[PDB]
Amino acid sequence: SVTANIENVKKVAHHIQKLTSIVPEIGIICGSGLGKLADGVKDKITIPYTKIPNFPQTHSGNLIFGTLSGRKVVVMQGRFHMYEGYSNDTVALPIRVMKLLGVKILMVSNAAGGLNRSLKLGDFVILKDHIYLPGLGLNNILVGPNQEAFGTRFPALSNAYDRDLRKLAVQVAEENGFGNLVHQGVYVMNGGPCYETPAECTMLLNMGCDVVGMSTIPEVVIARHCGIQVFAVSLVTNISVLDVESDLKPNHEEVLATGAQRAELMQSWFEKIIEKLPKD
């Protein structure tokens, strides 16, 4: 990976600006439930990661630029997960590129396990806060020399999950008849890639966590560090088992199935949030 410093981020951004004239104001990272969001983007240019020098590589992932709900967007189709062995610089560079391209708001989804006992499979949990277990343990994405062109050395994570975007998301769900599926909660990052043990889930629930997943927080930290507002949502793809005696367990195909089942609704929700954002 190339260092996600201003020099390298500029080179990548400048290369992208030759390929498209679209100045995105919203960046979207597609997780669970957002698998067909790129189809909804109109007047789009699709740039495979392979066509961007010094951009991380993960068919190839794509950067999609276009209009969604009357706004200019860049959609990241293809993520770089820490459990896959990717570096901090790999995860940070795409977010910092979004910043240089013009992104003001980052919207992201992911799949998570439901710790909170009131959660149902397929529920949406808007992140209102997080617990960054890797970050507390010296694997924070920002470890290393601070890049002052982007942000400060010790970023505050106050209002990390923009309260006004959260309020809007809830309002849109309620107005469109699926407010009953929507919660707000604390997301804890398990580095992964193992699912959480019953003892681990019990610990995490008692720490005050509502959902547990293996991603997202590193991007959120980079976004907040460089001043991008964040809206993040976990799709509850499994209900955490807290009891060792239980034979119930997380199953990959069912986790993927839940994402796919909820995709139309999740994308609709994101689209309807975007159309309500103030603009001009």
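Rigid core: the largest C-alpha set superposing within 1.5 Å between the two forms. Note that residue numbering follows the sequence shown and begins at 1.
Q: Core-superposed in 8 other deposited structures of this protein, which stretch deviates more in Cα positions, 40 to 48 or 219 to 227?
A: With the rigid core superposed, the C-alphas that lie farther in 8 other deposited structures of this protein are those of 40 to 48.
Q: Among the other entries of this protein that were compared (only those with both neighbours built), does residue 251 lack coordinates in at least a third?
A: Yes, a third or more of the compared structures omit it.
Q: Of the other entries that cover residues on both sides, do at least a third skip residue 64?
A: Comparison shows residue 64 kept in all of the other entries.
Q: In the deposited sequence, how many residues between residue 58 and residue 59 have no modelled coordinates (none, 1 to 3, 4 to 9, 10 or more)?
A: Unmodelled stretch: 4 to 9 residues.
Q: Using only the Cα atoms and their B-factors as the entry lists them, report which of 150 to 158 and 129 to 137 averages higher.
A: That would be 150 to 158.
Q: Which is higher in the entry, the mean Cα B factor of 184 to 192 or that of 70 to 78?
A: Per the deposited B-factors, the answer is 70 to 78.
Q: In terms of the CA temperature factor given in the entry, to which third of its chain does residue 231 belong: lowest, middle or highest?
A: Bottom third by C-alpha B-factor.
Q: Should residue 248 be placed in the lowest, middle or highest third of its chain by the C-alpha B factor in the entry?
A: Tercile = highest for this residue's CA B-factor.
Q: C-alpha B factor of residue 116, ranked within the chain: lowest, middle or highest third?
A: Middle third, going by the recorded CA B-factors of the chain.
Q: Relative to the other modelled residues of the same chain, rank the CA B-factor of residue 177 and answer lowest, middle or highest third.
A: It belongs to the highest third of the chain when residues are ordered by C-alpha B-factor.
Q: With respect to C-alpha B-factor, does residue 238 fall in the lowest, middle or highest third of the chain as deposited?
A: Ranked within chain, residue 238 CA B lands in the middle tercile.
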